[PDB]
Amino acid sequence: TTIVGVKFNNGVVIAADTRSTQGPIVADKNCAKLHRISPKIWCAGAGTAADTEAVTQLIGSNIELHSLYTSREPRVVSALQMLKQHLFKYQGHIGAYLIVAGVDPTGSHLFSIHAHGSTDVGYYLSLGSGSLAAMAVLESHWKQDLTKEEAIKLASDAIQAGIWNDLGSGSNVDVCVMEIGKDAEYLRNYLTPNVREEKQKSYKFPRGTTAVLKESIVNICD
Amino acid sequence: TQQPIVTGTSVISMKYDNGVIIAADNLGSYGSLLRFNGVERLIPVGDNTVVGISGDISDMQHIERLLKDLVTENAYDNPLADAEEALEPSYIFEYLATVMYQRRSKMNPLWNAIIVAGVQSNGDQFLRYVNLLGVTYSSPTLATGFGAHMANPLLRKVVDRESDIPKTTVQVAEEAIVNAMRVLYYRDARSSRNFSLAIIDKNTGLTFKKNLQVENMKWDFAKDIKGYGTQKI
Amino acid sequence: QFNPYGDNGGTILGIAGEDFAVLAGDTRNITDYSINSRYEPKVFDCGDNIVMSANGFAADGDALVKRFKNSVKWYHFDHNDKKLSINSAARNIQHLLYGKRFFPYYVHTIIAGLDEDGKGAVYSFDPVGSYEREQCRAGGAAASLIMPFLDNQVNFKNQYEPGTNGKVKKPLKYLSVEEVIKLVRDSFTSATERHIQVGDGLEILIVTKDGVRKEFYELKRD
Amino acid sequence: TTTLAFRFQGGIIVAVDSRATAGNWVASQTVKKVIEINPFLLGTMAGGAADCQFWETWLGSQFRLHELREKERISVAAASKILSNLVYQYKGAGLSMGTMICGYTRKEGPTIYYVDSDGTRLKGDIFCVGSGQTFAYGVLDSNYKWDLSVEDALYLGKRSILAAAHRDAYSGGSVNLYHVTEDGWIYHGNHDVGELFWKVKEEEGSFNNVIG
Amino acid sequence: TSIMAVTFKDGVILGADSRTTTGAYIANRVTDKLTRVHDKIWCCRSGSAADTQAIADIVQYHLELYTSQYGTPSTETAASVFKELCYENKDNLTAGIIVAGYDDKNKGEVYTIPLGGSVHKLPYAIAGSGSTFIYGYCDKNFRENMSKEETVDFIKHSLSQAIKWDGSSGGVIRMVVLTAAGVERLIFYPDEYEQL
Amino acid sequence: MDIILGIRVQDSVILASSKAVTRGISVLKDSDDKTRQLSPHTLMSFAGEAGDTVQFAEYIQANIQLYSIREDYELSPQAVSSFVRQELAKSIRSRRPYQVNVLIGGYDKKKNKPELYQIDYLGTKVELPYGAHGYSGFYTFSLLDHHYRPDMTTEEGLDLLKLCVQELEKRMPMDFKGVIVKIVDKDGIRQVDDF
Amino acid sequence: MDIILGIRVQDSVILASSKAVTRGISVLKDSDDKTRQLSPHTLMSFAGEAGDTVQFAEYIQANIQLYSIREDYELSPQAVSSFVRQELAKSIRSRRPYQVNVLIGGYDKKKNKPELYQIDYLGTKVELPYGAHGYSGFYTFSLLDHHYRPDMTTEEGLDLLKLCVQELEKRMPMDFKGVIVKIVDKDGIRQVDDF
Amino acid sequence: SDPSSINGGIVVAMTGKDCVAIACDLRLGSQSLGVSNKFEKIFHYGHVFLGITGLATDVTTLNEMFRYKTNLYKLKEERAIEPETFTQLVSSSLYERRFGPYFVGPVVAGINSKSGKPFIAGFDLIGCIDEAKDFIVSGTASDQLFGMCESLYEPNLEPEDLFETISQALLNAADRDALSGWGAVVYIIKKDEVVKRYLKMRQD
Amino acid sequence: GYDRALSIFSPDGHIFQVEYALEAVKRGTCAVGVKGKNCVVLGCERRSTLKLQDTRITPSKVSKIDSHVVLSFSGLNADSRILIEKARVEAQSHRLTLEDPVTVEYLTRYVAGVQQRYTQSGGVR
Ligand SMILES: *[C@@](C)(CO)[C@](*)(O)[C@H](CC(C)C)NC(=O)[C@H](Cc1ccccc1)NC(=O)[C@H](CC(C)C)NC(=O)[C@H](CCc1ccccc1)NC(=O)CN1CCOCC1
Ligand SMILES: *[C@@](C)(CO)[C@](*)(O)[C@H](CC(C)C)NC(=O)[C@H](Cc1ccccc1)NC(=O)[C@H](CC(C)C)NC(=O)[C@H](CCc1ccccc1)NC(=O)CN1CCOCC1
Ligand SMILES: *[C@@](C)(CO)[C@](*)(O)[C@H](CC(C)C)NC(=O)[C@H](Cc1ccccc1)NC(=O)[C@H](CC(C)C)NC(=O)[C@H](CCc1ccccc1)NC(=O)CN1CCOCC1
Ligand SMILES: [Cl-]
Ligand SMILES: [Mg+2]
Ligand SMILES: [Mg+2]
Ligand SMILES: [Mg+2]
């Protein structure tokens, strides 16, 4: 995977590619790596696919119950603390590498979490196999006081660097923008620069090509 | 069977409209210790080729001697040693590529990654890679070590395919290389600020730049960063 | 401890027709998750209407092609410029490979051309020299993806005549050069989608009595 | 692989499959596992494909040189012993070969020799070699008699390979038949298991474990 | 890492680089290794990022609970809590921590806690991979009862050398000043400290 | 423990099990019965790790006999086999798993049909016309593929079984000291004394 | 390769050698003769690693036959055994040693006495009244301790040998497919066809 | 001793115009030894179909487990479980055994009875969901199946045409794998009828 | 090693060393071979200037190469031993690899080949 996070004027934006591997084989050409912990706290995940999904859902569930209990909108630091303490307890065996971001009554935030339970703070971050390709772009083009449209451009460019140059990443670019005072917008397939070309030939077989031994109606009803 | 002791990190390079550019920092690391700081890892051969070497420095110095000796041997009984029968980049590469593969085949490798950059007699740009395994490949941009992971992505934004080479000037190309060297200083734990850069042009020839430094760095934003999560001070 | 072998990825494909033969291969070269080159050819004209590719560890691949090209040269010197027949080339290659039985060339080798009756021929080799003439062969990283597709479309395997109760098989016939290139292009676009080490570009070498033609096609660069 | 050859009243039958594997990957279904060394000598191949194919081809060159030097076809015993002495020199180096040298001469009559890569050399009437050798033995032994006809012997050899091709995951493709007489070897065709299995099931009434 | 803490006339100063690594890749070039466990008790973190963070979080929790019941804890007390965690979990931890704090009675104090979990009270302390290269320098140049400006120069020059030689250290030099006046944060960028 | 076979025919299930018990370079016993009666119309043969085999077989036997007393009813071969599979399926993820392979031959009195189940130590169940565990299968399966017919009698099945034992005695490396044969049908379980 | 025995009696030496050749889970042959005639009054049986056995036996056979032609004379069993021991004693410190154990049974025509030598792959020679290689000895030695007498006839020796084979067939784990028996005496070497 | 490839087997699923198809081979073996040629790998709970490849004892165990769970679901909910919901239940159940997992490669297929939308999905052994518009593959010949499906597949195929495509994908993939084959079954699933067809394939 | 080419051509196309070796044969005691319908007989001369000989132990003129082949000679006695030894070794080597004793033609061809090798090898006569 390639995943990034970029802070801007009035909030934060995160992005991710959509490739899912299984050894050298591409299992899913368009999987969703952007996860919703709460309405305005989102999470980009890299590493063991089941772990990033499971850990994000568990903490997301507990965050919802906490929000109802306290009658308050959830904070990013709460999600951060709950995630890191969970991961640390499992001594790295739960292979989740996360970029946590969102807006809350305190302001806008951007963090990263590693499988062993260490957290880092920053204005721009990148995780996954294509993090070096992405970070190279971020280090070259990032500046202080980015606008919304500039941060989306920088974030998606960093993901593209991973898509093209890293074999672990590919296909499309997902984006989620979290601005202060507004609803978070989830931009599924924000870019689709890897469309499959028309095939040279149709492989529709003449009916009856396959040899059959038995037929039978299956009963699905009661 | 070897293990590398004193080592050199990334070497980066690319093609442009009239020639090729190559660069590499001046560090000789001893594990985590940044032991030697005056190490030149770009070695010119004639006035038309530059060999950039990463990996073990003792093996680099051996290769230096071989190239030095190659120039001597070519001059023997050769009236056109500074003209038609001068050493080409393609000759120098193939020689090294032969040596590297012979050494790996004897289970006693020269623990290096090498990039031969230069210009041929007919004006064509030459840029090709070879390493301890004897593996060879060519591309509009080439880089070793961390450079492969961080520099190539940046350099490929300038020259993504063959047709982008005529469209790329020497000013634009050098700017990209110098930028890449800064990124490597940010992110490679075995890199140094000081580096060397070489340009081989079909018109202006060989330009060798020593004692360059990474500059125009962004560090100011660091002061705003506090704690690792919930600290406010 | 030093490891003398490496994996440079890529995949190759050979198909034979009635009066022609093709040998295709992608132009991508890799190590681990990095791309080394987007255009590094590994299918070569070796003279005497013989095309060759040795996919796998590129250093061993280059060494082998280099030695066979040299073998062809010395065959002319020692035997009065006689044309090296495809069957003779194959047997010679076996001895090159088996010569290093106890320190092998880590490559899958395929050659293509015309036999002495003018008919299309494809031979394939394992790393230590066992060989076999076939109508059809894929080799390299995505061989397991492409090969069963070829069984189905080139040799009409598992295809029966419609309405014959799976009793009459679909009859074997030679394919036109136009139809074969269609299958090659579709095979490589499919392999590019699902294998990370396959992409960037496709280079096909076609072999007829007139000589050796080339064709190039773009592939997805992610 | 699965290969067999047995001696009987009417000479020697030799039968092999045609599959080649690299782990669980079925690499080929059309491999020629019988080498025709000369009009009176055959060799079977099991184990490492390159090892078998290279050395049994080399073997035929040595036997050609024998008849040039001695003005006489090489004996089956001498032929098999050249191979066994060769592989013995490479003992421990990691060659993988399970071979059977089958042929006829005047002095010996019909003869079969088992030769493998750890140096074992055995004369005998019946042998099965390969990963599916046990499956072939089961059918072959339970139906074998010396007084089989040429027609029945050919079928039993074919049927024994089919049995192994079915059960052994690393055997299959097609059956190659050979018959060796006083006049030399005779090829009895390539038989694809795809069609042969169903033809045998219907006509013989066997293979009741399979869904018809 | 390269980290150090130095006592002086008016209190104590903590110092650190900003580099976090995965092998040879710098995962974070602007890391803050100086962290607050109490108003005027801070620590320098070296070793595993995950372990030192987990530990520092637990210590902050303990000292917050201590304050609620018994008032402000001593610097010695804080070091004892760090020790208790590091010693009792020595088999599962990779943490080299320097504890530094300012009392009004005891003034500036520095306690260092190596891998084993042992406690050592010192006038000044150095630790982390890059500390090996400055034992000679720091021993020759340290004096007791230095001024604020002198101590800042001592830490700056020391960490500058540690960074110069250690590949596992780099980025900016962060510092935290602990005195009766309050808490002051300082930062120093490469362009300044490299050419010292 | 080594050779256990099973053949289902028209009206019965026939189990054959080797008599040898070997440990080291000594055959300690040549008359061992590697089977337990689970119920009047259900028989289980077993083979595997020393100790584990008998301990497991008797544990199953006790449980099925307990069920029979409680409900005053005989469980079907299908039900018994499913119980056995689950016990092995639990076992494989235990601290120390049972390393036992079994064949369950039974006659279902409600369906009036013979049934043969093959279950390995992992808990892998399959119903078969003929079955075998261990190296035996590598000879007997291909043999039975050829000679087996579904409508055979018990006498035809015993001849078919003799054909298997002969092949094993010819081609197997170890001396397994012959077999004990038992038949399961509508009238229950009985042993063939002369084989 | 597995079972080789030897018994020296009053006027002859008797060697017994198993007929089975096994590889994996298959008995490839059940009529193998694990012996070579070195000279008219000297016989050597062998057992050990596949290939090594026959290669070694024939190499010795060639050397002894060469000596016989050169000198027009037959070497004594004692002389042959010492030659064999030295070849094995060289072998053990080679790059790849012969892993072969042998028994040499011969009749010395000058002394008019039968002689039996046991030599292992290390080159360890001993003259014995009765000998065995491999696991066979663990049964046969104690048996022969009890039943053997020095003044026995050839017929008494064959009965004594039958008593050994019976015990091995009862208690050995592997089926070795019987034995080929050969007698060495004043009249040379001959094979017993019905054993 | 690699649990996922001891017994062998494959499963594949595809979508079409207002229909779905799921297919599997019939082999169960012990490494090289083929044991059974009747071992089906596709099960169904109401109108939701589940295929499972991998270690056979776990295939059986999980079938029994999901039958158990879907039966309790139906009693309490008073309706049949839908493919989208069932997918989540499978994921939950597998991840519950995160550090001692069932060695399986399950595949869900079915049509949602409310919306009428065709649905397919795949999982890894610890429960990661892989949703797809086009096709899902699983088993010892997954590489082969990926290659066949990616080239042969086109969208919006009619049930009769879709049958040919999925059948040819399974057959030609199985013939390039030693541990897969020995017979095959294909399920064609329309909104309110389901046809099951046994394929004739080579028996080696 | 001693390399000298002792057997060489002369202007008239003769190899004198080979021809002088024939003179040594002409000096040697007579030997005769006659083959019948079902047998072969080898006759040999023994010079009678040697009395007080011990015929039990004195080397015999006819030598067995194998149990089925014999070799007699004329010329230098010491030389003959070397050929006989090489022949006897080759005889056992043939039985070992071909599993069949040598033919008389083969054994002759081998011995003749050895004799030829000494006519164009350096350092030997
Ligand atoms: C980039 C693309 C690569 O790093 C991203 O980081 C993505 C993250 C996305 C998916 C959130 N990572 C992957 O795609 C990830 C790479 C990976 C593989 C293996 C271990 C760790 C990371 N791939 C996966 O997680 C796949 C998801 C599939 C496609 C549904 N799962 C697997 O590859 C599983 C790994 C399961 C596992 C077990 C124990 C510890 C860690 C992971 N592997 C298999 O299923 C392979 N095999 C199938 C046959 O049954 C045996 C297991
Ligand atoms: C039955 C079918 C199986 O036992 C037979 O015994 C046949 C005998 C026939 C072919 C004469 N045996 C094989 O098919 C044999 C099995 C085998 C494999 C490897 C070692 C020993 C035995 N298969 C082969 O020899 C294959 C044939 C190729 C695929 C056509 N060859 C390989 O696997 C080669 C060579 C292996 C090797 C041996 C010795 C030294 C070095 C290498 N290896 C590869 O092709 C590697 N691999 C294939 C998959 O793709 C990635 C690379
Ligand atoms: C200097 C740099 C060294 O002493 C400092 O002490 C800093 C201290 C600060 C950051 C608090 N130490 C590190 O930066 C520390 C060095 C280190 C590495 C490994 C073990 C102990 C210490 N780095 C880390 O902790 C990183 C931080 C991540 C990148 C945010 N973590 C890793 O490198 C993980 C840790 C796993 C681990 C191993 C042993 C004990 C505890 C945790 N290691 C990996 O991910 C391994 N990596 C996998 C990819 O291939 C390269 C190796
Ligand atoms: Cl940190
Ligand atoms: Mg098979
Ligand atoms: Mg530094
Ligand atoms: Mg198959």
# chains A, B, ... in the order shown; residues from 1 in each chain; ligands from 1
$ residues_near_ligand --ligand "ligand 7" --cutoff "8 Å" --atoms "only C-alpha atoms and all ligand atoms" --output "PyMOL selection string"
(chain D and resi 26+169) or (chain H and resi 174-182+202-204)
$ residues_near_ligand --ligand "ligand 2" --cutoff "8 Å" --atoms "only C-alpha atoms and all ligand atoms" --output "PyMOL selection string"
(chain C and resi 101-102+104+106-108+125-128+130-131+139-141) or (chain D and resi 1-2+17-23+25-28+31-33+45-53+94-96+98+130-132+170-172)
$ atom_distance --atom1 "CA of residue 164 in chain H" --atom2 "CA of residue 205 in chain A"
6.5 Å
$ interface_residues --of "chain E" --to "chain A" --cutoff "10 Å" --atoms "only C-alpha atoms" --output "PyMOL selection string"
chain E and resi 20+25-28+30-32+48-54+57+92
$ interface_residues --of "chain G" --to "chain F" --cutoff "7 Å" --atoms "only C-alpha atoms" --output "ChimeraX atom specification"
/G:22,25-27,171-175
$ residues_near_ligand --ligand "ligand 6" --cutoff "6 Å" --atoms "only C-alpha atoms and all ligand atoms" --output "PDB file with C-alpha atoms, in the first residue's frame"
ATOM      1  CA  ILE E 163      24.683  14.207  15.403  1.00  0.00           C
ATOM      2  CA  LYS E 164      27.739  14.748  13.163  1.00  0.00           C
ATOM      3  CA  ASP E 166      26.035   9.178  14.556  1.00  0.00           C
ATOM      4  CA  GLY E 167      23.912   8.268  11.521  1.00  0.00           C
ATOM      5  CA  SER E 169      20.920  11.006  15.038  1.00  0.00           C
ATOM      6  CA  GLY E 170      20.036  14.224  13.223  1.00  0.00           C
TER       7      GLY E 170
END
$ select_by_dssp --residues "range 117-178 of chain H" --states "strand (DSSP E or B)" --output "PyMOL selection string"
chain H and resi 118-123+129-131+135-139+177
$ residues_around --residues "residue 191 in chain C" --least-positions-apart "6" --cutoff "9 Å" --atoms "only C-alpha atoms" --output "list in words"
residues 11, 142, 143, 145, 146, 198 and 199 of chain C; 146, 147, 150 and 151 of chain H
$ interface_residues --of "chain D" --to "chain I" --cutoff "12 Å" --atoms "only C-alpha atoms" --output "number ranges by chain"
D: 63, 66, 69-71, 74-86, 107-108
$ atom_distance --atom1 "CA of residue 194 in chain C" --atom2 "CA of residue 25 in chain A"
5.6 Å
$ interface_residues --of "chain B" --to "chain A" --cutoff "6 Å" --atoms "only C-alpha atoms" --output "PyMOL selection string"
chain B and resi 150+153+228
$ select_by_dssp --residues "chain D" --states "helix (DSSP H, G or I)" --output "ChimeraX atom specification"
/D:49-70,76-89,133-143,150-167,193-204
$ residues_around --residues "residue 100 in chain B" --least-positions-apart "4" --cutoff "9 Å" --atoms "only C-alpha atoms" --output "mmCIF file with N, CA, C and O atoms, in the first residue's frame"
data_model
loop_
_atom_site.group_PDB
_atom_site.id
_atom_site.type_symbol
_atom_site.label_atom_id
_atom_site.label_comp_id
_atom_site.auth_asym_id
_atom_site.auth_seq_id
_atom_site.Cartn_x
_atom_site.Cartn_y
_atom_site.Cartn_z
ATOM 1 N N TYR B 95 33.180 -3.819 -19.761
ATOM 2 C CA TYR B 95 34.330 -4.346 -19.026
ATOM 3 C C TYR B 95 33.972 -4.595 -17.563
ATOM 4 O O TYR B 95 34.197 -5.688 -17.041
ATOM 5 N N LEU B 96 33.412 -3.578 -16.910
ATOM 6 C CA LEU B 96 33.001 -3.697 -15.510
ATOM 7 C C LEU B 96 31.930 -4.774 -15.341
ATOM 8 O O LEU B 96 32.040 -5.630 -14.462
ATOM 9 N N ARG B 104 30.900 -12.680 -9.074
ATOM 10 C CA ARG B 104 29.728 -13.297 -8.436
ATOM 11 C C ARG B 104 29.703 -14.796 -8.733
ATOM 12 O O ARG B 104 29.260 -15.593 -7.905
ATOM 13 N N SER B 105 30.189 -15.168 -9.914
ATOM 14 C CA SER B 105 30.199 -16.564 -10.343
ATOM 15 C C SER B 105 31.290 -17.367 -9.634
ATOM 16 O O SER B 105 31.243 -18.596 -9.622
ATOM 17 N N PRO B 109 32.194 -11.651 -4.619
ATOM 18 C CA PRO B 109 31.746 -10.483 -5.369
ATOM 19 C C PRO B 109 32.418 -9.178 -4.962
ATOM 20 O O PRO B 109 32.922 -9.056 -3.841
ATOM 21 N N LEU B 110 32.416 -8.216 -5.883
ATOM 22 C CA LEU B 110 32.759 -6.833 -5.567
ATOM 23 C C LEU B 110 31.483 -6.166 -5.065
ATOM 24 O O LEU B 110 30.576 -5.881 -5.850
ATOM 25 N N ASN B 112 29.313 -3.892 -4.661
ATOM 26 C CA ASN B 112 29.025 -2.554 -5.178
ATOM 27 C C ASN B 112 27.786 -2.489 -6.055
ATOM 28 O O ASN B 112 27.314 -3.502 -6.570
ATOM 29 N N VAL B 130 24.995 -1.486 -13.120
ATOM 30 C CA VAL B 130 25.466 -2.846 -12.844
ATOM 31 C C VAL B 130 25.815 -3.005 -11.362
ATOM 32 O O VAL B 130 26.294 -2.065 -10.731
ATOM 33 N N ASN B 131 25.576 -4.195 -10.815
ATOM 34 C CA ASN B 131 25.784 -4.442 -9.388
ATOM 35 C C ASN B 131 26.536 -5.738 -9.093
ATOM 36 O O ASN B 131 26.919 -6.469 -10.008
ATOM 37 N N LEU B 132 26.729 -6.010 -7.802
ATOM 38 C CA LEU B 132 27.464 -7.188 -7.321
ATOM 39 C C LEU B 132 27.030 -8.522 -7.936
ATOM 40 O O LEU B 132 27.849 -9.427 -8.085
ATOM 41 N N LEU B 133 25.747 -8.639 -8.277
ATOM 42 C CA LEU B 133 25.206 -9.858 -8.896
ATOM 43 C C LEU B 133 25.493 -9.961 -10.393
ATOM 44 O O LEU B 133 25.285 -11.017 -10.987
ATOM 45 N N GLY B 134 25.951 -8.867 -10.998
ATOM 46 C CA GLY B 134 26.177 -8.813 -12.441
ATOM 47 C C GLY B 134 24.941 -8.384 -13.212
ATOM 48 O O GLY B 134 24.935 -8.402 -14.443
ATOM 49 N N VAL B 135 23.893 -7.991 -12.489
ATOM 50 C CA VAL B 135 22.642 -7.550 -13.103
ATOM 51 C C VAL B 135 22.846 -6.199 -13.775
ATOM 52 O O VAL B 135 23.439 -5.295 -13.187
#
$ residues_around --residues "residue 162 in chain C" --least-positions-apart "6" --cutoff "10 Å" --atoms "only C-alpha atoms" --output "ChimeraX atom specification"
/A:205-211 /C:168-170
$ residues_around --residues "range 181-184 of chain E" --least-positions-apart "6" --cutoff "12 Å" --atoms "only C-alpha atoms" --output "list in words"
residues 233 of chain B; 10, 11, 12, 13, 14, 36, 38, 39, 40, 41, 42, 101, 102, 103, 104, 148, 174 and 175 of chain E
$ write_last_selection --atoms "N, CA and C atoms" --output "PDB file, in the first residue's frame"
ATOM      1  N   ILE B 233       2.757  21.142  25.235  1.00  0.00           N
ATOM      2  CA  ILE B 233       3.867  22.035  25.533  1.00  0.00           C
ATOM      3  C   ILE B 233       5.148  21.503  24.913  1.00  0.00           C
TER       4      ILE B 233
ATOM      5  N   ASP E  10      20.642  27.669  38.024  1.00  0.00           N
ATOM      6  CA  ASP E  10      19.223  28.023  38.171  1.00  0.00           C
ATOM      7  C   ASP E  10      18.257  26.834  38.069  1.00  0.00           C
ATOM      8  N   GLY E  11      18.742  25.679  37.616  1.00  0.00           N
ATOM      9  CA  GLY E  11      17.898  24.485  37.515  1.00  0.00           C
ATOM     10  C   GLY E  11      18.488  23.355  36.686  1.00  0.00           C
ATOM     11  N   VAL E  12      17.792  22.985  35.611  1.00  0.00           N
ATOM     12  CA  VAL E  12      18.209  21.872  34.752  1.00  0.00           C
ATOM     13  C   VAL E  12      17.702  22.060  33.320  1.00  0.00           C
ATOM     14  N   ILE E  13      18.491  21.602  32.347  1.00  0.00           N
ATOM     15  CA  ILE E  13      18.100  21.654  30.935  1.00  0.00           C
ATOM     16  C   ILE E  13      18.170  20.268  30.297  1.00  0.00           C
ATOM     17  N   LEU E  14      17.116  19.916  29.563  1.00  0.00           N
ATOM     18  CA  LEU E  14      17.055  18.667  28.806  1.00  0.00           C
ATOM     19  C   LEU E  14      17.356  18.967  27.344  1.00  0.00           C
ATOM     20  N   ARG E  36       6.703  15.524  28.682  1.00  0.00           N
ATOM     21  CA  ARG E  36       6.256  15.982  29.986  1.00  0.00           C
ATOM     22  C   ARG E  36       5.538  14.868  30.737  1.00  0.00           C
ATOM     23  N   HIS E  38       5.201  15.644  34.235  1.00  0.00           N
ATOM     24  CA  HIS E  38       4.594  16.590  35.179  1.00  0.00           C
ATOM     25  C   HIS E  38       5.055  18.017  34.859  1.00  0.00           C
ATOM     26  N   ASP E  39       4.322  19.004  35.372  1.00  0.00           N
ATOM     27  CA  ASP E  39       4.611  20.430  35.144  1.00  0.00           C
ATOM     28  C   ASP E  39       6.098  20.722  34.985  1.00  0.00           C
ATOM     29  N   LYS E  40       6.880  20.362  36.002  1.00  0.00           N
ATOM     30  CA  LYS E  40       8.327  20.582  35.988  1.00  0.00           C
ATOM     31  C   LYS E  40       9.110  19.289  36.255  1.00  0.00           C
ATOM     32  N   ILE E  41       8.612  18.180  35.710  1.00  0.00           N
ATOM     33  CA  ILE E  41       9.373  16.930  35.624  1.00  0.00           C
ATOM     34  C   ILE E  41       9.208  16.395  34.209  1.00  0.00           C
ATOM     35  N   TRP E  42      10.307  16.371  33.462  1.00  0.00           N
ATOM     36  CA  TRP E  42      10.301  15.918  32.075  1.00  0.00           C
ATOM     37  C   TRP E  42      11.260  14.742  31.920  1.00  0.00           C
ATOM     38  N   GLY E 101      14.080  17.072  36.473  1.00  0.00           N
ATOM     39  CA  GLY E 101      13.035  17.889  37.094  1.00  0.00           C
ATOM     40  C   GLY E 101      13.570  19.002  37.975  1.00  0.00           C
ATOM     41  N   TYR E 102      12.702  19.961  38.294  1.00  0.00           N
ATOM     42  CA  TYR E 102      13.061  21.094  39.149  1.00  0.00           C
ATOM     43  C   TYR E 102      12.161  21.204  40.382  1.00  0.00           C
ATOM     44  N   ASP E 103      12.745  20.943  41.551  1.00  0.00           N
ATOM     45  CA  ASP E 103      12.131  21.280  42.836  1.00  0.00           C
ATOM     46  C   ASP E 103      12.611  22.663  43.249  1.00  0.00           C
ATOM     47  N   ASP E 104      11.967  23.235  44.259  1.00  0.00           N
ATOM     48  CA  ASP E 104      12.419  24.498  44.834  1.00  0.00           C
ATOM     49  C   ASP E 104      13.412  24.228  45.962  1.00  0.00           C
ATOM     50  N   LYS E 148      22.827  29.674  32.496  1.00  0.00           N
ATOM     51  CA  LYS E 148      21.874  29.204  31.489  1.00  0.00           C
ATOM     52  C   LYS E 148      22.496  29.212  30.092  1.00  0.00           C
ATOM     53  N   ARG E 174      16.288  19.918  19.855  1.00  0.00           N
ATOM     54  CA  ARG E 174      15.286  20.434  20.780  1.00  0.00           C
ATOM     55  C   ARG E 174      15.878  20.517  22.179  1.00  0.00           C
ATOM     56  N   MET E 175      15.432  21.509  22.942  1.00  0.00           N
ATOM     57  CA  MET E 175      15.831  21.657  24.338  1.00  0.00           C
ATOM     58  C   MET E 175      14.656  22.142  25.181  1.00  0.00           C
TER      59      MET E 175
END
$ interface_residues --of "chain D" --to "chain G" --cutoff "12 Å" --atoms "only C-alpha atoms" --output "PyMOL selection string"
chain D and resi 4+81+84-93+98+113-138
$ residues_around --residues "range 44-46 of chain G" --least-positions-apart "5" --cutoff "6 Å" --atoms "only C-alpha atoms" --output "tab-separated table (two decimals) with N, CA and C atoms, in the first residue's frame"
chain	number	residue	atom	x	y	z
G	34	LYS	N	22.84	-61.63	-3.09
G	34	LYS	CA	23.77	-60.67	-2.48
G	34	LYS	C	25.12	-61.32	-2.19
G	35	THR	N	25.77	-61.81	-3.24
G	35	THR	CA	27.06	-62.47	-3.11
G	35	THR	C	27.84	-62.48	-4.43
G	36	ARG	N	29.17	-62.53	-4.33
G	36	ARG	CA	30.03	-62.72	-5.49
G	36	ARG	C	31.11	-63.74	-5.19
G	101	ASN	N	29.22	-53.66	4.34
G	101	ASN	CA	29.64	-54.68	5.29
G	101	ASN	C	29.65	-56.03	4.58
G	102	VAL	N	30.66	-56.85	4.87
G	102	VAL	CA	30.85	-58.12	4.17
G	102	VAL	C	31.13	-59.30	5.09
G	103	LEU	N	30.79	-60.49	4.61
G	103	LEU	CA	31.24	-61.75	5.20
G	103	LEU	C	32.01	-62.52	4.14
G	104	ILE	N	33.17	-63.05	4.52
G	104	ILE	CA	33.99	-63.84	3.60
G	104	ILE	C	34.08	-65.27	4.12
